[PDB]
Amino acid sequence: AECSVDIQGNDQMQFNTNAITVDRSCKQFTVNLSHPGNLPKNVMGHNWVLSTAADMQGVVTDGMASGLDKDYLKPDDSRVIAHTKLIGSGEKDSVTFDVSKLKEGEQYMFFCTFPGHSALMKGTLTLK
Ligand SMILES: [Cu+2]
């Protein structure tokens, strides 16, 4: 079982994958996020946020309203299944979450909630 993935967010508003697969035999799954490039967090910050596909737009909008000091996430947002912190160039973060939080049939998305980034910086997350 492959229970982790390394993902990069760069200076050109790209993640280097748009589809993550979570083996359902994994008890926990880990996302290791890094940021190649040289732009700082306040202008090209990236996070990795997981929600249902239906909830993404709300999470992104409310995250915008929350601001940089809150890593562009609504505090205690019930729709956020898991998330990293917001990182700038040269920085990294990891998040580990319980695979039991994912339910058969539901559609999940990952994305960055930094203002303006989610249109490109998004992808699917799917049980196997
Ligand atoms: Cu971003």
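Residue numbers start at 1 and run along the sequence shown.
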Next on the checklist: Walk me through whether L102 and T126 qualify under side-chain contact (heavy atoms from CB on, under 4.5 Å).
Outcome noted: CA-CA 9 Å; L102 306 176; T126 307; over 6 Å; no
Checklist entry - Would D98 and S100 satisfy side-chain hydrogen bond (donor to acceptor under 3.5 Å, both in side chains), going step by step from the backbone distance to the final call? => result CA-CA 5 Å; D98 292 341; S100 67; 4.7 Å; no
Checklist entry - Would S51 and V80 satisfy side-chain contact (heavy atoms from CB on, under 4.5 Å), going step by step from the backbone distance to the final call? => result CA-CA 5 Å; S51 73; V80 179; 5.5 Å; no
Next on the checklist: Please determine whether side-chain contact (heavy atoms from CB on, under 4.5 Å) holds for the pair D62 and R79, giving the CA-CA distance in whole Å, both sets of side-chain angles, and the decisive distance to 0.1 Å.
Outcome noted: CA-CA 11 Å; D62 291 346; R79 301 168 289 196; 2.7 Å; yes
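The cluster map of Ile, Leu, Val, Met, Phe, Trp and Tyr, joined by side-chain heavy atoms under 4.5 Å apart, puts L86 and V31 in different clusters. Transitive grouping of hydrophobic side chains (ILVMFWY, heavy atoms separated by less than 4.5 Å) brings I87 and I7 into a common cluster. Cluster membership for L125 and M109, using ILVMFWY side-chain heavy atoms within less than 4.5 angstrom, is not shared. Following chains of ILVMFWY side-chain contacts shorter than 4.5 Å, one cannot reach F97 starting from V49, and the two form parts of different hydrophobic clusters. Cluster membership check: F114 does not share its hydrophobic cluster with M13, using side-chain heavy-atom separations under 4.5 Å among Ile, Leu, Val, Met, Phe, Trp and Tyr.
The CD1 atom of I81 sits 8.0 Å away from the CG atom of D55 when rounded to the nearest 0.5 Å. Taken to the nearest 0.5 Å, the OG atom of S4 stands 11.0 Å off from the CD1 atom of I20. Put simply, NE2 on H35 and NZ on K92 are 15.0 Å apart, with the number rounded to the nearest 0.5 Å. The line from CE of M121 to CG of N16 is 9.0 Å long, rounded to the nearest 0.5 Å. Rounding to the nearest 0.5 angstrom, the gap separating the CG atom in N42 from the CG atom in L39 is 9.5 Å.
Shown here for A1 and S25, the closest heavy-atom pair between the two residues is CB-OG, 3.5 Å. Nearest approach of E2 to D23, heavy atoms of both residues: O-CB, 4.3 Å.
The 12-atom threshold is not exceeded at CD of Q107, counting heavy atoms of other residues, nucleotides or ligands nearer than 6.0 Å. In the displayed structure, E106 atom CD is contacted under 6.0 Å by more than 12 heavy atoms of other residues, nucleotides or ligands.
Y72 is not listed as a side-chain neighbour of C112, based on a closest heavy-atom distance of 4.5 Å or more. Between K85 and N47 the shortest side-chain heavy-atom distance does not fall below 4.5 Å. Side-chain contact between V99 and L127 is present, with heavy atoms from C-beta onward closer than 4.5 Å. Put simply, the side chain of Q8 does not reach to within 4.5 Å of the side chain of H46, judged on heavy atoms. Side-chain contact between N10 and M44 is absent, with no heavy-atom pair separated by less than 4.5 Å. No side-chain heavy atom of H83 sits less than 4.5 Å from a side-chain heavy atom of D77. Between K103 and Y108, some side-chain heavy-atom pair lies under the 4.5 Å cut-off. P75 has its side chain within reach of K70: a pair of non-hydrogen atoms, C-beta onward, lies under 4.5 Å apart.
No donor-acceptor distance shorter than 3.5 angstrom exists from the side chain of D93 to the backbone of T84, with no hydrogens or angles considered. Panel note: side chain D11, backbone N38; a donor-acceptor pair is recorded below 3.5 Å.
Ring geometry for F110 against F15 counts as tilted: the plane angle lies between 30° and 60°, on a 0 to 90° scale.
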